[PDB]
Amino acid sequence: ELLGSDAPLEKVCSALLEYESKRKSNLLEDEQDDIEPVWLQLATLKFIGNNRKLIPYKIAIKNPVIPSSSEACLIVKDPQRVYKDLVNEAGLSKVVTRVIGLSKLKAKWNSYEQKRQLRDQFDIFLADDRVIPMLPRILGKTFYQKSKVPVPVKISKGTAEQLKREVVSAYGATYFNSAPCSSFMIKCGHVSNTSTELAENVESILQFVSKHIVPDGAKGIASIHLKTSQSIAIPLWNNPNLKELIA
Amino acid sequence: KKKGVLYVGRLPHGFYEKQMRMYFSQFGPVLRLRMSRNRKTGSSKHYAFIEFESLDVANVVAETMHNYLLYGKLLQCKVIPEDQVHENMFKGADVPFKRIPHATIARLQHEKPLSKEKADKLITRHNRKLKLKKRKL
Amino acid sequence: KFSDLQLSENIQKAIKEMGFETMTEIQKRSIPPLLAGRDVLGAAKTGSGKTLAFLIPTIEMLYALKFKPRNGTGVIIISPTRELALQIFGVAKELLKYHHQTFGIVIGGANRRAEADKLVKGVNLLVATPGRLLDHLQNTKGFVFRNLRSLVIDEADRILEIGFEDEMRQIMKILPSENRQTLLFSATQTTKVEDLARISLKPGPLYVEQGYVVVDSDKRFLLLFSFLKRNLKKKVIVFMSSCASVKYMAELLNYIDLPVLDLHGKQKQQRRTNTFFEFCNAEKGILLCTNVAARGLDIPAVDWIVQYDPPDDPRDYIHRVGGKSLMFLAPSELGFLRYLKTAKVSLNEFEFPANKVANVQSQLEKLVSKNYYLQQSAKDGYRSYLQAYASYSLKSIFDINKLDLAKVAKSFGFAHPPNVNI
Amino acid sequence: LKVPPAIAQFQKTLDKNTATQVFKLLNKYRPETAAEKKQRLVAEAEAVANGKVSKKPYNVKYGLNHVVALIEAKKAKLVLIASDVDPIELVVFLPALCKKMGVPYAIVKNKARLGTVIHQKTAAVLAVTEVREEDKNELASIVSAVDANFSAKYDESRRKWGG
């Protein structure tokens, strides 16, 4: 339903997961908990974006896509000591490995060699809203092209329980960088998550999609497909009355 | 006498065709100036081919301006012998790089509605795209 | 046991604090005749309490005769390698904590100019290796040893196997033989061992699956650090070839928020036992120790056994294993695999990707450079690592000359190799 | 006469651009003046008298004995030798010592330029052993230029008798 009264969720997610599981066919020192991502591609009747908006979309969802064991790096405003103290007393030191001030990020990381070294060190880069416009520079294509876009995590007030709620919010919510196109792809999860969660992660994405990125909502949506990096783009829903909408 | 072509690599960002022309002119005449630029956005590929009026002066610039510590970059200025120089090695030299905004052009295409028949051709094409997957699954 | 033994109050008080008040089978058959002064020719397995077997009666004799540093050395203990000697010296420091008899250790690779300066002050309890003791016996003026009364040989089979056959024969002539107690000790009873006993002991003696990783030296610690981070929730025990190396690595890993326990402690036997017992009790954890420290101790159910430094005794190591086994093998040491082929030991090769190695080297070097106690521990861990390597029994396998020192010190946290003598 | 190779190697100094870049980095790590240092000490002295932790400094190392001991310590990342020491024996071994101990070195123009950096009339030699993390790239870029413009260049000319 939802989009055009024909969205066949649940069953599609189970079928896709079974299809991916069907395609199953030393490394003990080369093993981890990596699971193939679940990919949701959306087709729009018009180019939603005017230009590449180099900030992620905080698509809230209670099923995290980033594993909680991932290492996070906080990019905060000066002074660095205050927020270093904040993460110390809030018990996020194990979760957030490093806190980087903006001045120290602009000075100590100027070469691309240093930028790539920093990028590989951590998995997700959390950034304060107060300074996220800088991170386009100072970081460059070494970040905003190799799937490393800093996230605007709201830490302006700077309180212990506020840090916990934003880090949890950042970890659980899937992320996507908007670019000028009629088509884009969304991270929904991995094969590990059960099919019911993916279908419910998916529906949470479209309702957010119909609200804050697509201006006209389901009317402007062309088609919905579900894909895995090496699998078929199974269509969740196709527009049944798009003929006169584009006319 | 024979034109002296200078490969200037590791070009600091900003030292572009106009800027190279003014700087390299002081050493000697630059018949034409060609800098490699990106496929789409035309951003510098950081190496340019500067053929001077004579090999002799180009040799002077190659010696003077080799390993030049410019903006934290060691400039590489080599006289490339004519044997490796080809006809289009200096193609489009001193010709402005009119970056075609491909992305917005397709955005204008997106804004431009197809002709009603050609729009129906798209709808059927989407129907073909719909039935092409039909036996695909 | 300990209470039954007639050791003096200081020896008894130290023994209670140092360890337990029991008496093992090897000790029970060795303390009585050694205290009486009779020659003892024992044959005991490694890690069976032999260190205390020839220490408590010997220290008691030192107190009984009331030796003074102006009387020179009254006891010499011979050990084949530095690691075994250092463990003995560490235990002897605990035992002599309440007495007044000076103790000291002379081993190869140490400071000869400073070792001789120690000797001329009188070292009433001397731990030594055959290679260096002969040098100090024949070439140091001021070393008083004519008042010697007790000679102890530890692991005579390994001494003869490592290549000290002639070194012992020379030492016997210089060392006094009249009214001197001797105590040979070797599990093996080879004919050459008997020959050494005949030339040294007095007549009428008292008779008693594999897995390896090929990693270059420069990334050895970085590979280990990433591996430990990946397996944080498992029971991991790592063996090393130096007590100085383990002290630094545990100190370094505690610095970077990777809490690891160790059998090193503070060279306090009670603390080492407490750490080992707690580690056995805990279902999850990580511990670093040496082969000698783990020698004689029952290995608990551990998922990963990591041999970060090559073992000193490959003959014992292959039977030592008999979760999963690991071997940090260097490209220059691929010949050690051929030894396992000669020993008929099954093995498999483990591969790692260069992308996942946690390249914190620039930060790791900055920590050691900035900190003082880290730098000294790193410097001493690096020095003891090389000296153990140069003292390995397998010259054909572990060639120090074929080793690259620049890559080794990169793992230890140095941009450039420190200046250590040999 | 015919100048020996060890004394002729000083006539091929560092060029215009690289020396200007080298001195630009040095001038960000100049030592602290006698007049300023007193002001910093009386500020700290006054703080402790009324009522009462710092960070290690970062300055270029100077002095012949101090620097030569820094080369032999493998601590100096860049050694800058004046080209006009009046008794030339004072630095005649410095290029060969730097070659032996694997240190990037350069022979720059005038002791006064090195002297100016450290608020002295004259400096025979200057060494950079540690820089702030913000300027690690700048020192690395300069050292590469010294290798390319001084060590890669000449090279044979320092083994040939001069004059």
# chains A, B, ... in the order shown; residues from 1 in each chain; ligands from 1

$ residues_around --residues "residue 153 of chain A" --least-positions-apart "4" --cutoff "7 Å" --atoms "only C-alpha atoms" --output "VMD selection string"
chain A and resid 126 to 129 166 170

$ interface_residues --of "chain D" --to "chain C" --cutoff "12 Å" --atoms "only C-alpha atoms" --output "ChimeraX atom specification"
/D:55-56,72-75,77,101-102,130,132-133,136

$ residues_around --residues "residue 147 of chain A" --least-positions-apart "6" --cutoff "12 Å" --atoms "only C-alpha atoms" --output "ChimeraX atom specification"
/A:54-56,119-120,123-125,140-141,175-177,187

$ write_last_selection --atoms "N, CA and C atoms" --output "PDB file, in the first residue's frame"
ATOM      1  N   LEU A  54      26.140  18.185   0.183  1.00  0.00           N
ATOM      2  CA  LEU A  54      27.097  17.284   0.812  1.00  0.00           C
ATOM      3  C   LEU A  54      26.854  17.162   2.310  1.00  0.00           C
ATOM      4  N   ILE A  55      25.622  16.843   2.692  1.00  0.00           N
ATOM      5  CA  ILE A  55      25.302  16.465   4.066  1.00  0.00           C
ATOM      6  C   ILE A  55      24.387  15.249   4.010  1.00  0.00           C
ATOM      7  N   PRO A  56      24.497  14.318   4.949  1.00  0.00           N
ATOM      8  CA  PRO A  56      23.609  13.157   4.948  1.00  0.00           C
ATOM      9  C   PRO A  56      22.214  13.524   5.433  1.00  0.00           C
ATOM     10  N   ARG A 119      40.860   8.691   7.518  1.00  0.00           N
ATOM     11  CA  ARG A 119      39.613   8.111   7.036  1.00  0.00           C
ATOM     12  C   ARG A 119      39.560   6.611   7.297  1.00  0.00           C
ATOM     13  N   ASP A 120      40.667   5.908   7.062  1.00  0.00           N
ATOM     14  CA  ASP A 120      40.689   4.466   7.279  1.00  0.00           C
ATOM     15  C   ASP A 120      40.660   4.130   8.767  1.00  0.00           C
ATOM     16  N   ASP A 123      35.333   4.475  11.275  1.00  0.00           N
ATOM     17  CA  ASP A 123      34.282   3.990  10.388  1.00  0.00           C
ATOM     18  C   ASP A 123      33.237   5.051  10.071  1.00  0.00           C
ATOM     19  N   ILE A 124      32.719   5.736  11.083  1.00  0.00           N
ATOM     20  CA  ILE A 124      31.711   6.772  10.903  1.00  0.00           C
ATOM     21  C   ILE A 124      32.228   8.058  11.529  1.00  0.00           C
ATOM     22  N   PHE A 125      32.075   9.167  10.814  1.00  0.00           N
ATOM     23  CA  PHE A 125      32.565  10.467  11.260  1.00  0.00           C
ATOM     24  C   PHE A 125      31.380  11.322  11.689  1.00  0.00           C
ATOM     25  N   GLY A 140      37.752  17.137   1.676  1.00  0.00           N
ATOM     26  CA  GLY A 140      37.898  16.974   0.246  1.00  0.00           C
ATOM     27  C   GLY A 140      37.388  15.641  -0.269  1.00  0.00           C
ATOM     28  N   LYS A 141      37.775  15.342  -1.510  1.00  0.00           N
ATOM     29  CA  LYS A 141      37.270  14.159  -2.191  1.00  0.00           C
ATOM     30  C   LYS A 141      37.725  12.865  -1.534  1.00  0.00           C
ATOM     31  N   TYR A 175      21.790   6.664   6.497  1.00  0.00           N
ATOM     32  CA  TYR A 175      22.285   7.930   5.983  1.00  0.00           C
ATOM     33  C   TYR A 175      22.439   7.872   4.472  1.00  0.00           C
ATOM     34  N   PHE A 176      22.300   9.037   3.842  1.00  0.00           N
ATOM     35  CA  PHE A 176      22.362   9.149   2.393  1.00  0.00           C
ATOM     36  C   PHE A 176      22.684  10.584   2.008  1.00  0.00           C
ATOM     37  N   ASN A 177      23.521  10.732   0.985  1.00  0.00           N
ATOM     38  CA  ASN A 177      23.954  12.031   0.492  1.00  0.00           C
ATOM     39  C   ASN A 177      23.126  12.398  -0.734  1.00  0.00           C
ATOM     40  N   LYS A 187      20.490   2.996   1.875  1.00  0.00           N
ATOM     41  CA  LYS A 187      20.912   1.858   2.683  1.00  0.00           C
ATOM     42  C   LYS A 187      19.804   1.481   3.658  1.00  0.00           C
TER      43      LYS A 187
END

$ interface_residues --of "chain B" --to "chain A" --cutoff "8 Å" --atoms "only C-alpha atoms" --output "list in words"
residues 103, 107, 110, 111, 113, 116, 119, 120 and 123 of chain B

$ closest_residue --among "D:108, D:158, D:146, D:44" --to "chain B" --atoms "only C-alpha atoms"
D:146
